[PDB]
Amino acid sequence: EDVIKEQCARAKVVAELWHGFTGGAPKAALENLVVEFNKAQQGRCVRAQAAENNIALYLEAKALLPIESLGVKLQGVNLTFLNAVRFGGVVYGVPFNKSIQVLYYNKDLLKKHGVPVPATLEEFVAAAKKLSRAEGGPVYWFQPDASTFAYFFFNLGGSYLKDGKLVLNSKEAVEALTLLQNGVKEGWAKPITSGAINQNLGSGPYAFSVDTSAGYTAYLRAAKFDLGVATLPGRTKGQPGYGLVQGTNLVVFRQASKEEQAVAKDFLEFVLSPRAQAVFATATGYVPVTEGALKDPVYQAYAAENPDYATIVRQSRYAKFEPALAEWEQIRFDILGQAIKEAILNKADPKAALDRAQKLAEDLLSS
């Protein structure tokens, strides 16, 4: 970083790239890339700066440059990972896959009672019931939050937008939240209200959670049992269910010069190269965003030794993004997340809770 400093003082063309990385291995692994690139490019540097907010907020101004207009070729990119940085058909950022929803499970407890890993939503609910009765407590653990909702919503056929408008109270939403509530009422679903699911392990019998791929090593550390990772149960049986994918992006403000744009283009192409993607992913547990990364021997070798990581990557292909609206962080936490809490912990009627949520969301979005 002080190495990025040395490199940008000496340089005459400086391109500013804005990212949403906080700290830890991800920020380190990005800086690493900046350093490597700068060392190949004497006279011009990249400066990686942490952005304050998300891409919908910056795009409401039109504060960002279109990636492809810098001259960046996005062939080899898995296009499904651009869903959230695509606005009116134009790509405004190069994404990173911070996490994928996966099925964490207890291998020893499923074996103990002869229960196959569920491949469908209906086999999952049946497995939850059977193992709950067997162990005398609810074995499907869940945070009552928009992330757990998303999994059930997406795999009962739900979509957040209908003809461009946000709908929190569709029949798919009611059906999802009703499924979770009945899980609690029937003794198979355990709400986790204090700390991460992995911070609650050991308090009683656990069989499964749907939770972020980012929690992998924390699930490993806390599991006093053989930990499994599988793809998400879906409605039909020959493919994984949809999982929430969440993103950190790299973007560039529309002010930058031609010279700066040539540097940013070379940098973003570097970041998208197979070995850059493979080194970043192996260093961080992130999922690469290119098809080329998956054929890079550094990815291939890491995947070969880390079958739980190969499973996280297989899930990544069956990914949905949350809506790309400036207000979405607020709706997800203060409005949708509240209706979910209300239905799950205070026995609110699922329909009446999501109807109140819709009204509050329509109110916030029309201001």
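Throughout, we count residues from 1 along the sequence that is shown.
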query	finding
Average Cα temperature factor in the PDB entry - higher stretch of 277-285, 247-255	247-255
Higher-B stretch (mean Cα B-factor, as the entry records it), 158-166 or 134-142	158-166
C-alpha B-factor winner, where the candidates are 315, 330, 53, 300	53
Which of 336, 304, 61, 319 ranks first by CA B-factor in the deposited coordinates	61
Residue 211 - Cα temperature factor, lowest/middle/highest third of chain	lowest
Assigned third (lowest, middle, highest) for the C-alpha B factor of residue 75	highest
Ranked C-alpha temperature factor of residue 103 among modelled chain residues, by third	lowest
Within-chain third of residue 231 by Cα B-factor, per the entry	lowest
B-factor third for the C-alpha atom of residue 292 within its chain	middle
